[PDB]
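Chemist: The data below comprise the sequence and an experimental structure of the protein.
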Amino acid sequence: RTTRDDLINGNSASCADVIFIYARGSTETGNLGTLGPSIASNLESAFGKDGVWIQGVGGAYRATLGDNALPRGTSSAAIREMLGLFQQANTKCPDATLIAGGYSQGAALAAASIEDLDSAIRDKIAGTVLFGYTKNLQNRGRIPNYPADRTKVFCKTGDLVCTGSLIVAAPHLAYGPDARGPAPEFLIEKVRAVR
């Protein structure tokens with residue numbers, strides 16, 4: 001559904017080979033929102049249901065509208081939450097390949113948490129997909145400290161949050177097809193290339 005806690009509910013003896021951590025958009029449902037379940041179903045078709053753990057960023061990430069106006073596009077508490085989930089994946093499942101994603105405020109959250117990681121865990125994140133990336137212009141289409149070749153930004157023409165605004169126009173609401181197809185396809189290609 002819109003809530004997946006496979007990492008938090010898993011343990012070191014049940015580790016999947018692939019762990020996907022995803023941050024939803026502002027005021028979205030569960031911990032996966034509108035796009036996360038689509039990405040998860042496509043990953044599960046490729047790796048098998050037991051080949052991948054799906055984990056949304058819940059806990060202290062409350063995905064409030066107002067926190068988009070904070071300097072990094074989200075709150076420091078949300079960033080600590082997603083950093084703790086990357087650390088939990090690295091500690092519980094040292095051999096797992098990580099992949100990540102986020103929509104809107106969740107894209108700003110994924111970018112800030114990846115920036116703030118140490119290199120040992122960051123280098124385990126084989127690919128990251130961002131949709132409606134609210135810091136696209138500000139970060140010049142990149143995630144700080146993370147390679148461009150591991151990054152795939154879905155920023156539709158006319159999605160004004162990708163050009164420095166916070167206005168949500170119809171292209172911001174149109175990432176469903178990307179979440180069902182090219183975004184999980186990119187993550188799967190990066191995981192296959194490493195494993």
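Modeler: Cool, the structure landed. Residues are numbered from 1 along each chain as shown.

Chemist: So the residue nearest the centre of the chain: helix, strand or coil?
Modeler: Central residue of the chain (C-alpha atoms, centre = their mean): residue 101, 1.8 Å from the mean position. Using DSSP: H, G, I helix; E, B strand; the rest coil, the structure places residue 101 in strand.

Chemist: Tell me how far it lies from residue 11.
Modeler: Distance, residue 101 to residue 11, by C-beta to C-beta, to the nearest Å: 24 Å. Heads up, the C-betas are built off the backbone N, CA and C, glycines and all.

Chemist: Figure out the helix or strand that the closest residue to residue 59 other than its chain neighbours lives in.
Modeler: The shortest distance from residue 59 to any non-neighbouring residue, by C-beta to C-beta, 6 or more residues apart in numbering, is to residue 81 (4.5 Å). If you go by DSSP states H and E, residue 81 is part of helix 76-92.

Chemist: Which secondary structure elements does that helix sit against?
Modeler: When contacts are defined as 3 or more C-beta pairs under 8 Å, 6 or more residues apart in numbering; DSSP states H and E, helix 76-92 sits against helix 6-9, strand 18-23, strand 52-56, strand 97-103, helix 105-116, helix 119-122.

Chemist: Can you tell me what sits against the first one?
Modeler: To tie it back to what came earlier, the one meant is helix 6-9. Helix 6-9 is contacted from outside by 16, 19, 21, 53, 54, 55, 85, 88, 89, 92, using C-beta atoms under 8 Å, 6 or more residues apart in numbering.

Chemist: any idea of the angle the host helix or strand of residue 126 forms with strand 97-103?
Modeler: Secondary-structure assignment from DSSP H and E places residue 126 in strand 125-131. Orientation check (axes from the mean of the first three to the mean of the last three C-alpha atoms, to 10 degrees): strand 125-131 against strand 97-103 gives 10 degrees.
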